>>> print(open('run-v2.tsv').read())   # TSV, N, CA and C atoms
chain	number	residue	atom	x	y	z
F	1	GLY	N	17.47	20.72	13.87
F	1	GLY	CA	18.39	19.59	13.98
F	1	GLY	C	17.72	18.28	14.32
F	2	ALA	N	16.67	18.35	15.16
F	2	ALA	CA	15.95	17.15	15.56
F	2	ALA	C	15.22	16.49	14.40
F	3	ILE	N	14.96	17.24	13.32
F	3	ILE	CA	14.32	16.66	12.15
F	3	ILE	C	15.08	15.43	11.67
F	4	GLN	N	16.42	15.47	11.74
F	4	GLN	CA	17.21	14.33	11.27
F	4	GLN	C	16.82	13.04	11.98
F	5	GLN	N	16.61	13.11	13.29
F	5	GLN	CA	16.32	11.88	14.04
F	5	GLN	C	14.91	11.37	13.75
F	6	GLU	N	13.94	12.28	13.60
F	6	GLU	CA	12.58	11.88	13.24
F	6	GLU	C	12.56	11.23	11.86
F	7	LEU	N	13.33	11.79	10.93
F	7	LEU	CA	13.39	11.22	9.60
F	7	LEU	C	14.08	9.87	9.62
F	8	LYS	N	15.15	9.74	10.41
F	8	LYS	CA	15.83	8.45	10.51
F	8	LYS	C	14.89	7.38	11.05
F	9	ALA	N	14.08	7.73	12.05
F	9	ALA	CA	13.11	6.78	12.59
F	9	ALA	C	12.12	6.31	11.53
F	10	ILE	N	11.69	7.22	10.65
F	10	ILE	CA	10.83	6.84	9.53
F	10	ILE	C	11.55	5.87	8.60
F	11	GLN	N	12.80	6.18	8.25
F	11	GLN	CA	13.55	5.29	7.37
F	11	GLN	C	13.70	3.91	8.00
F	12	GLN	N	13.96	3.86	9.31
F	12	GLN	CA	14.15	2.58	9.98
F	12	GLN	C	12.86	1.76	9.96
F	13	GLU	N	11.72	2.41	10.17
F	13	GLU	CA	10.45	1.69	10.11
F	13	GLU	C	10.18	1.17	8.71
F	14	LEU	N	10.50	1.97	7.69
F	14	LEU	CA	10.31	1.53	6.32
F	14	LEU	C	11.22	0.36	5.97
F	15	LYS	N	12.46	0.36	6.46
F	15	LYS	CA	13.34	-0.78	6.22
F	15	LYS	C	12.75	-2.06	6.80
F	16	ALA	N	12.17	-1.98	8.00
F	16	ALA	CA	11.55	-3.17	8.60
F	16	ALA	C	10.37	-3.64	7.77
F	17	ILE	N	9.58	-2.69	7.24
F	17	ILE	CA	8.47	-3.03	6.36
F	17	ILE	C	8.98	-3.76	5.12
F	18	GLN	N	10.10	-3.29	4.56
F	18	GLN	CA	10.63	-3.96	3.38
F	18	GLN	C	10.98	-5.42	3.68
F	19	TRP	N	11.61	-5.68	4.83
F	19	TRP	CA	11.93	-7.06	5.17
F	19	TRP	C	10.68	-7.91	5.36
F	20	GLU	N	9.61	-7.33	5.89
F	20	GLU	CA	8.37	-8.09	6.02
F	20	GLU	C	7.82	-8.46	4.65
F	21	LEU	N	7.95	-7.56	3.69
F	21	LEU	CA	7.49	-7.86	2.34
F	21	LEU	C	8.37	-8.92	1.69
F	22	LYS	N	9.68	-8.87	1.95
F	22	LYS	CA	10.55	-9.92	1.44
F	22	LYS	C	10.19	-11.27	2.04
F	23	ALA	N	9.79	-11.30	3.32
F	23	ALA	CA	9.40	-12.57	3.94
F	23	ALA	C	8.15	-13.13	3.27
F	24	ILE	N	7.18	-12.26	2.97
F	24	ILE	CA	5.97	-12.70	2.29
F	24	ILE	C	6.30	-13.28	0.92
F	25	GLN	N	7.19	-12.62	0.18
F	25	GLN	CA	7.52	-13.11	-1.15
F	25	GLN	C	8.26	-14.44	-1.08
F	26	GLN	N	9.10	-14.63	-0.06
F	26	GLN	CA	9.84	-15.88	0.08
F	26	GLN	C	8.89	-17.04	0.35
F	27	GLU	N	7.85	-16.81	1.15
F	27	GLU	CA	6.85	-17.85	1.39
F	27	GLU	C	6.16	-18.25	0.09
F	28	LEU	N	5.91	-17.28	-0.79
F	28	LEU	CA	5.24	-17.59	-2.05
F	28	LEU	C	6.20	-18.20	-3.06
F	29	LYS	N	7.43	-17.69	-3.12
F	29	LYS	CA	8.38	-17.99	-4.19
F	29	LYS	C	9.31	-19.16	-3.85
F	30	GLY	N	9.69	-19.31	-2.59
F	30	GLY	CA	10.66	-20.32	-2.19
F	30	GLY	C	10.25	-21.75	-2.50
L	1	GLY	N	22.84	18.25	3.34
L	1	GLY	CA	23.24	17.88	4.69
L	1	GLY	C	22.49	16.69	5.27
L	2	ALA	N	22.47	16.62	6.60
L	2	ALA	CA	21.92	15.45	7.29
L	2	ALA	C	20.44	15.25	6.98
L	3	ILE	N	19.66	16.33	6.93
L	3	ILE	CA	18.23	16.21	6.65
L	3	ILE	C	18.02	15.68	5.24
L	4	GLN	N	18.72	16.27	4.27
L	4	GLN	CA	18.57	15.83	2.89
L	4	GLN	C	19.01	14.39	2.73
L	5	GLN	N	20.04	13.97	3.46
L	5	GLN	CA	20.48	12.58	3.37
L	5	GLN	C	19.39	11.62	3.84
L	6	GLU	N	18.66	12.00	4.90
L	6	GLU	CA	17.59	11.13	5.39
L	6	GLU	C	16.40	11.12	4.44
L	7	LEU	N	16.08	12.27	3.85
L	7	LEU	CA	14.99	12.30	2.88
L	7	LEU	C	15.32	11.43	1.68
L	8	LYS	N	16.56	11.48	1.21
L	8	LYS	CA	17.00	10.58	0.15
L	8	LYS	C	16.79	9.12	0.55
L	9	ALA	N	17.24	8.77	1.75
L	9	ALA	CA	17.14	7.38	2.19
L	9	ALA	C	15.69	6.93	2.30
L	10	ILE	N	14.81	7.81	2.78
L	10	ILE	CA	13.39	7.47	2.85
L	10	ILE	C	12.85	7.21	1.45
L	11	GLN	N	13.19	8.09	0.51
L	11	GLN	CA	12.68	7.93	-0.85
L	11	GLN	C	13.20	6.64	-1.48
L	12	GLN	N	14.45	6.28	-1.21
L	12	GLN	CA	14.96	5.01	-1.70
L	12	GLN	C	14.21	3.83	-1.10
L	13	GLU	N	13.92	3.89	0.21
L	13	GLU	CA	13.18	2.80	0.84
L	13	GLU	C	11.78	2.68	0.27
L	14	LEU	N	11.14	3.81	-0.01
L	14	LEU	CA	9.81	3.78	-0.60
L	14	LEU	C	9.83	3.12	-1.97
L	15	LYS	N	10.84	3.44	-2.78
L	15	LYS	CA	10.96	2.81	-4.09
L	15	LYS	C	11.17	1.31	-3.96
L	16	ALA	N	12.01	0.89	-3.01
L	16	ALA	CA	12.25	-0.54	-2.81
L	16	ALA	C	10.98	-1.26	-2.36
L	17	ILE	N	10.22	-0.64	-1.46
L	17	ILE	CA	8.96	-1.22	-1.00
L	17	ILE	C	7.99	-1.36	-2.16
L	18	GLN	N	7.88	-0.32	-2.98
L	18	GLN	CA	6.97	-0.39	-4.12
L	18	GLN	C	7.39	-1.48	-5.09
L	19	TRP	N	8.70	-1.69	-5.26
L	19	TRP	CA	9.17	-2.79	-6.08
L	19	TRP	C	8.74	-4.13	-5.51
L	20	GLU	N	8.89	-4.31	-4.20
L	20	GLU	CA	8.50	-5.58	-3.58
L	20	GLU	C	7.00	-5.81	-3.70
L	21	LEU	N	6.20	-4.75	-3.57
L	21	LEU	CA	4.75	-4.90	-3.70
L	21	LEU	C	4.37	-5.33	-5.11
L	22	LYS	N	5.00	-4.73	-6.12
L	22	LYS	CA	4.75	-5.16	-7.49
L	22	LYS	C	5.12	-6.62	-7.69
L	23	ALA	N	6.25	-7.05	-7.11
L	23	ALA	CA	6.67	-8.43	-7.26
L	23	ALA	C	5.70	-9.39	-6.58
L	24	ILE	N	5.19	-9.01	-5.41
L	24	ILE	CA	4.20	-9.84	-4.73
L	24	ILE	C	2.93	-9.94	-5.55
L	25	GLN	N	2.45	-8.81	-6.08
L	25	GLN	CA	1.24	-8.85	-6.89
L	25	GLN	C	1.43	-9.73	-8.13
L	26	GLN	N	2.58	-9.63	-8.79
L	26	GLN	CA	2.86	-10.49	-9.94
L	26	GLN	C	2.85	-11.96	-9.55
L	27	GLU	N	3.51	-12.30	-8.44
L	27	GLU	CA	3.56	-13.69	-7.99
L	27	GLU	C	2.17	-14.23	-7.67
L	28	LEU	N	1.34	-13.42	-7.01
L	28	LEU	CA	0.00	-13.88	-6.65
L	28	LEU	C	-0.88	-14.04	-7.89
L	29	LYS	N	-0.76	-13.14	-8.87
L	29	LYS	CA	-1.60	-13.20	-10.05
L	29	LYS	C	-1.16	-14.30	-11.00
L	30	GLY	N	0.15	-14.53	-11.11
L	30	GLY	CA	0.67	-15.46	-12.10
L	30	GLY	C	1.38	-16.68	-11.54
Y	1	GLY	N	9.36	25.38	3.66
Y	1	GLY	CA	8.56	24.81	2.59
Y	1	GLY	C	9.20	23.68	1.82
Y	2	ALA	N	10.52	23.72	1.65
Y	2	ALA	CA	11.20	22.66	0.91
Y	2	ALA	C	11.06	21.32	1.62
Y	3	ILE	N	11.35	21.28	2.93
Y	3	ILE	CA	11.22	20.03	3.67
Y	3	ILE	C	9.77	19.59	3.72
Y	4	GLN	N	8.86	20.52	3.98
Y	4	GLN	CA	7.44	20.19	4.01
Y	4	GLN	C	7.01	19.56	2.69
Y	5	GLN	N	7.47	20.11	1.57
Y	5	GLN	CA	7.08	19.56	0.27
Y	5	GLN	C	7.61	18.14	0.07
Y	6	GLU	N	8.82	17.87	0.54
Y	6	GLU	CA	9.33	16.50	0.46
Y	6	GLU	C	8.53	15.56	1.35
Y	7	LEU	N	8.08	16.05	2.51
Y	7	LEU	CA	7.26	15.21	3.37
Y	7	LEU	C	5.89	14.95	2.75
Y	8	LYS	N	5.33	15.93	2.04
Y	8	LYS	CA	4.07	15.69	1.33
Y	8	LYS	C	4.26	14.66	0.22
Y	9	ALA	N	5.40	14.71	-0.48
Y	9	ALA	CA	5.67	13.70	-1.50
Y	9	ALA	C	5.78	12.31	-0.87
Y	10	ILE	N	6.43	12.21	0.29
Y	10	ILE	CA	6.51	10.95	1.01
Y	10	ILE	C	5.11	10.46	1.39
Y	11	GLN	N	4.26	11.35	1.90
Y	11	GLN	CA	2.91	10.96	2.26
Y	11	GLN	C	2.16	10.40	1.06
Y	12	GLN	N	2.35	11.01	-0.11
Y	12	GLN	CA	1.70	10.52	-1.32
Y	12	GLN	C	2.14	9.10	-1.65
Y	13	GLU	N	3.43	8.81	-1.51
Y	13	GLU	CA	3.91	7.46	-1.78
Y	13	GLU	C	3.38	6.47	-0.75
Y	14	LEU	N	3.28	6.88	0.52
Y	14	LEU	CA	2.73	6.00	1.55
Y	14	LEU	C	1.28	5.67	1.25
Y	15	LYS	N	0.52	6.63	0.73
Y	15	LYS	CA	-0.85	6.36	0.32
Y	15	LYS	C	-0.89	5.31	-0.78
Y	16	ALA	N	-0.02	5.44	-1.78
Y	16	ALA	CA	0.02	4.45	-2.86
Y	16	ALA	C	0.35	3.07	-2.31
Y	17	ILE	N	1.28	3.00	-1.36
Y	17	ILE	CA	1.65	1.72	-0.77
Y	17	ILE	C	0.45	1.09	-0.06
Y	18	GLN	N	-0.32	1.90	0.65
Y	18	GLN	CA	-1.51	1.39	1.34
Y	18	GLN	C	-2.51	0.80	0.36
Y	19	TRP	N	-2.75	1.48	-0.77
Y	19	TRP	CA	-3.70	0.96	-1.75
Y	19	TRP	C	-3.20	-0.35	-2.35
Y	20	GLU	N	-1.89	-0.47	-2.57
Y	20	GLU	CA	-1.36	-1.73	-3.09
Y	20	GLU	C	-1.52	-2.85	-2.07
Y	21	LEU	N	-1.31	-2.55	-0.79
Y	21	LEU	CA	-1.51	-3.57	0.24
Y	21	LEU	C	-2.96	-4.00	0.32
Y	22	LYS	N	-3.89	-3.06	0.18
Y	22	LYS	CA	-5.30	-3.43	0.18
Y	22	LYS	C	-5.64	-4.32	-1.01
Y	23	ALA	N	-5.01	-4.07	-2.16
Y	23	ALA	CA	-5.23	-4.94	-3.32
Y	23	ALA	C	-4.71	-6.35	-3.05
Y	24	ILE	N	-3.54	-6.46	-2.41
Y	24	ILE	CA	-2.99	-7.77	-2.07
Y	24	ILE	C	-3.91	-8.49	-1.09
Y	25	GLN	N	-4.42	-7.78	-0.09
Y	25	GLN	CA	-5.34	-8.41	0.85
Y	25	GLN	C	-6.57	-8.96	0.14
Y	26	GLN	N	-7.15	-8.19	-0.80
Y	26	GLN	CA	-8.34	-8.68	-1.50
Y	26	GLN	C	-8.01	-9.87	-2.40
Y	27	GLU	N	-6.84	-9.85	-3.03
Y	27	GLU	CA	-6.37	-11.00	-3.79
Y	27	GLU	C	-6.40	-12.27	-2.95
Y	28	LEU	N	-5.92	-12.18	-1.70
Y	28	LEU	CA	-5.86	-13.36	-0.84
Y	28	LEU	C	-7.21	-13.70	-0.24
Y	29	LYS	N	-7.99	-12.69	0.15
Y	29	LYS	CA	-9.27	-12.96	0.79
Y	29	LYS	C	-10.26	-13.58	-0.19
Y	30	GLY	N	-10.31	-13.06	-1.41
Y	30	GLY	CA	-11.28	-13.53	-2.39
Y	30	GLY	C	-10.74	-14.54	-3.38
N	1	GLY	N	6.79	23.98	12.99
N	1	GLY	CA	5.50	23.46	13.42
N	1	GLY	C	4.80	22.67	12.32
N	2	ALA	N	4.80	23.23	11.11
N	2	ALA	CA	4.18	22.53	9.99
N	2	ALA	C	4.90	21.23	9.68
N	3	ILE	N	6.24	21.25	9.73
N	3	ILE	CA	7.01	20.02	9.53
N	3	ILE	C	6.60	18.97	10.56
N	4	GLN	N	6.47	19.36	11.82
N	4	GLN	CA	6.09	18.40	12.85
N	4	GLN	C	4.71	17.81	12.58
N	5	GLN	N	3.78	18.62	12.09
N	5	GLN	CA	2.46	18.11	11.76
N	5	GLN	C	2.53	17.10	10.62
N	6	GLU	N	3.40	17.33	9.64
N	6	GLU	CA	3.55	16.35	8.56
N	6	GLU	C	4.17	15.07	9.07
N	7	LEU	N	5.11	15.17	10.00
N	7	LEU	CA	5.70	13.98	10.58
N	7	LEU	C	4.67	13.17	11.36
N	8	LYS	N	3.80	13.86	12.11
N	8	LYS	CA	2.72	13.18	12.81
N	8	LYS	C	1.84	12.41	11.83
N	9	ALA	N	1.51	13.04	10.70
N	9	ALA	CA	0.67	12.38	9.70
N	9	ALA	C	1.38	11.18	9.08
N	10	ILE	N	2.68	11.30	8.82
N	10	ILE	CA	3.43	10.17	8.29
N	10	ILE	C	3.37	9.00	9.27
N	11	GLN	N	3.50	9.28	10.57
N	11	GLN	CA	3.41	8.21	11.56
N	11	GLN	C	2.05	7.53	11.52
N	12	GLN	N	0.98	8.30	11.31
N	12	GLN	CA	-0.35	7.70	11.19
N	12	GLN	C	-0.41	6.73	10.02
N	13	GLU	N	0.19	7.11	8.90
N	13	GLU	CA	0.16	6.26	7.71
N	13	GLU	C	1.04	5.03	7.90
N	14	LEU	N	2.19	5.18	8.56
N	14	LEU	CA	3.04	4.02	8.81
N	14	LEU	C	2.33	3.00	9.67
N	15	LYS	N	1.62	3.47	10.70
N	15	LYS	CA	0.86	2.55	11.53
N	15	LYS	C	-0.22	1.83	10.72
N	16	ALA	N	-0.89	2.55	9.82
N	16	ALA	CA	-1.87	1.90	8.96
N	16	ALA	C	-1.22	0.83	8.09
N	17	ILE	N	-0.05	1.14	7.53
N	17	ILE	CA	0.67	0.17	6.71
N	17	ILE	C	1.02	-1.06	7.52
N	18	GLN	N	1.49	-0.87	8.75
N	18	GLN	CA	1.82	-2.00	9.60
N	18	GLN	C	0.61	-2.91	9.80
N	19	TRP	N	-0.57	-2.32	9.96
N	19	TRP	CA	-1.77	-3.12	10.18
N	19	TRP	C	-2.26	-3.79	8.90
N	20	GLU	N	-2.07	-3.15	7.75
N	20	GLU	CA	-2.38	-3.83	6.49
N	20	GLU	C	-1.47	-5.04	6.32
N	21	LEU	N	-0.20	-4.91	6.68
N	21	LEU	CA	0.72	-6.04	6.59
N	21	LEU	C	0.31	-7.15	7.53
N	22	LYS	N	-0.12	-6.80	8.74
N	22	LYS	CA	-0.60	-7.82	9.67
N	22	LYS	C	-1.76	-8.59	9.07
N	23	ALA	N	-2.69	-7.89	8.42
N	23	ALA	CA	-3.83	-8.57	7.80
N	23	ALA	C	-3.38	-9.53	6.70
N	24	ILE	N	-2.39	-9.11	5.90
N	24	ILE	CA	-1.89	-9.98	4.84
N	24	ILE	C	-1.19	-11.20	5.43
N	25	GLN	N	-0.35	-10.98	6.45
N	25	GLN	CA	0.35	-12.09	7.08
N	25	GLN	C	-0.63	-13.11	7.64
N	26	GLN	N	-1.73	-12.65	8.23
N	26	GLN	CA	-2.72	-13.56	8.76
N	26	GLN	C	-3.44	-14.32	7.65
N	27	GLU	N	-3.78	-13.64	6.55
N	27	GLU	CA	-4.36	-14.34	5.40
N	27	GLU	C	-3.47	-15.48	4.94
N	28	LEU	N	-2.15	-15.25	4.90
N	28	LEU	CA	-1.23	-16.28	4.43
N	28	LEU	C	-1.18	-17.48	5.36
N	29	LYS	N	-1.48	-17.28	6.64
N	29	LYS	CA	-1.52	-18.38	7.60
N	29	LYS	C	-2.84	-19.14	7.57
N	30	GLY	N	-3.83	-18.67	6.83
N	30	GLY	CA	-5.12	-19.32	6.77
N	30	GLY	C	-6.24	-18.41	6.29
>>> encode(input="run-v2.tsv", output="structure tokens")
Amino acid sequence: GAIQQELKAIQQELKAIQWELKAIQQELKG
Amino acid sequence: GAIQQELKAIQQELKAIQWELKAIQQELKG
Amino acid sequence: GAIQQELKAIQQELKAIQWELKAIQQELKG
Amino acid sequence: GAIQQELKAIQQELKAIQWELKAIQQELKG
């Protein structure tokens, strides 16, 4: 059952990474 | 179930990140 | 084994992401 | 146990990705 929470933590970290990549692209593209 | 739902979400986030990386590389090259 | 195999697939994608980030770094550094 | 070992490895790769992003962000600042 605890696997769900470990996996969710991975997904949350990846979501934050995606926003950092969007910030980089906005600096280049904006 | 809950585990499979998180694995799906992780895989979706990975695809989104890879899309952003491709877009950044395109912007930097061109 | 099913969950382990999905985690190995995730690890493979994370490796690809790292190589793309290293390419972006070299684009900017050089 | 094997699943937990794969999760540990994923965390190692996520930390590496975070540091690659830090290097890119710093390049963009100068």
>>> residues_around(input="run-v2.tsv", residues="stretch 9-22 of chain Y", least_positions_apart="2", cutoff="8 Å", atoms="all atoms listed in the file", output="PyMOL selection string")
(chain L and resi 10-11+14+17-18+21-22) or (chain Y and resi 3-7+24-28) or (chain N and resi 9-10+13-14+16-17+20-21+24)
>>> atom_distance(input="run-v2.tsv", atom1="atom CA of residue F:8", atom2="atom CA of residue Y:23")
28.5 Å
>>> atom_distance(input="run-v2.tsv", atom1="atom C of residue N:2", atom2="atom C of residue F:2")
12.3 Å
>>> atom_distance(input="run-v2.tsv", atom1="atom C of residue L:30", atom2="atom N of residue Y:30")
15.9 Å
>>> decode(input="run-v2.tsv", residues="stretch 10-21 of chain N", atoms="C-alpha atoms", output="JSON list (two decimals), in the first residue's frame")
[["chain", "number", "residue", "atom", "x", "y", "z"],
["N", 10, "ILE", "CA", 14.79, 6.53, -9.14],
["N", 11, "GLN", "CA", 15.43, 9.03, -6.34],
["N", 12, "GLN", "CA", 19.13, 9.04, -7.24],
["N", 13, "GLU", "CA", 18.28, 9.88, -10.85],
["N", 14, "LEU", "CA", 15.78, 12.58, -9.87],
["N", 15, "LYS", "CA", 18.44, 14.27, -7.76],
["N", 16, "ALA", "CA", 20.83, 14.14, -10.73],
["N", 17, "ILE", "CA", 18.17, 15.70, -12.95],
["N", 18, "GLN", "CA", 17.62, 18.48, -10.41],
["N", 19, "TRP", "CA", 21.34, 19.27, -10.49],
["N", 20, "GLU", "CA", 21.49, 19.24, -14.29],
["N", 21, "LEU", "CA", 18.64, 21.75, -14.25]]
